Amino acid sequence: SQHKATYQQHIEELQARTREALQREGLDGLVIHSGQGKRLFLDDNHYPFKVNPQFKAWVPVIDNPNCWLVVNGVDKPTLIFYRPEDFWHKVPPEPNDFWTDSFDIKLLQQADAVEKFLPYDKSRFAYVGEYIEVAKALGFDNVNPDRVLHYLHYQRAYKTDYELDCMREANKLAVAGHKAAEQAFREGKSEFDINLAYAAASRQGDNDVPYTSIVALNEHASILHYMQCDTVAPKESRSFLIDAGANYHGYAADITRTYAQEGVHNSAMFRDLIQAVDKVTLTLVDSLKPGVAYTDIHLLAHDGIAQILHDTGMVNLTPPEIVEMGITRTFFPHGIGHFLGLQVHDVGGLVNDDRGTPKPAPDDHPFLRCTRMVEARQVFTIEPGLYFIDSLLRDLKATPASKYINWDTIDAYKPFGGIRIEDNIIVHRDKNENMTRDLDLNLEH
């Protein structure tokens, strides 16, 4: 509907960035490697193929190993495109799609035959890719140069119109999955079956999604990296946290919702806690504006969580006292969000400039993944949370801060695990676009 024209503009922007990167490093071009198949130890099975982000940054070929871009920022980029013809393969038609006019395409039938399409004098080129020993054999002395990658990673923060469209489509697929997952939860289904419901609606399976989904019932919602999926449902399914996304052309969505089951003891109470976290998400989204330091968004999240901890009677101190004593970190221990793009935890969040000068997170907020200034064309997650994490509550109970905690109230919330409400937002010059809310993903459907 608009992708060919927007893609051609995307290519012009990438060519411009490539010219600058090449000037900084003193090179004539880059050779960008999609990757290779990875064989299991002692075995003939392979790992799922995961394309080099620097390759899919140019072209929506995400499922094809042994492909190579040769770019100089001036000429039409060369795409060496892997297309074996052995009888056991599904041989697709030669590439022909919205993107193909942008490239000089060379078909490669044998991965080991790639030298014939590469530059003769590689002294002037840098290989960009994971297979640094392969690049060495092929003759590249310059591999993954920091000046090039720091510059490209910095610019990756600013999405082109094409990229923003791809991210909108990824959000659409993810939202469909999310709505189906909520229904499956309310049907009493296991974590495993809820995940299949999400796959069925998003049309994305476990090796299509851009990160492994968190599908967590009851107390599992307190476990931030909960990776199991139980195949039997709990006797009582009272709460549900799902963190799951989708890919479109290699661009990610990254969405979290939390739910309370109708009819269980204290359902309304937990539901209202979810609603309070939701209001923090939306308030923080409104605080995103060009010029704001993203660290201030993180600190503002801690202020919101403190207000909830106070209002619910969980902590018998004033909101600023709850913050200043460090108590909010027990309940909200991770970062407020991060750049989103070709990678889920997208690149450039902890640098100050395009040369890679570090700007690390504060010491008391070590898991914050972005400290950049907010600007137009950036895409962010905003993901406040409030959890009842047994290990951190136990640590807290053994401190002097334990006397301010109403442990009866903690015990009432604890069986519901925790809460996170994560949206994906495009920052524009004069407004924000909450892709997730624009698709009518709120709190119950």
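Residues carry their position along the shown sequence, with the first being 1.
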item: 356-364 or 301-309, whichever carries the higher mean Cα B-factor; value: 356-364
item: Mean C-alpha temperature factor, higher of 248-256 and 310-318; value: 310-318
item: Peak C-alpha temperature factor (PDB record), options 218, 202, 328, 96; value: 96
item: Out of 276, 180, 113, 347, residue topping the C-alpha B-factor column of the entry; value: 113
item: Among modelled residues of the same chain, the CA temperature factor third for residue 166; value: lowest
item: Ranked against its chain, the third holding the CA B-factor of residue 292; value: highest
item: Ranked C-alpha temperature factor of residue 402 among modelled chain residues, by third; value: highest
item: Ranked C-alpha temperature factor of residue 78 among modelled chain residues, by third; value: middle
item: Residue 56 - which third its CA temperature factor falls in, relative to the rest of the chain; value: lowest
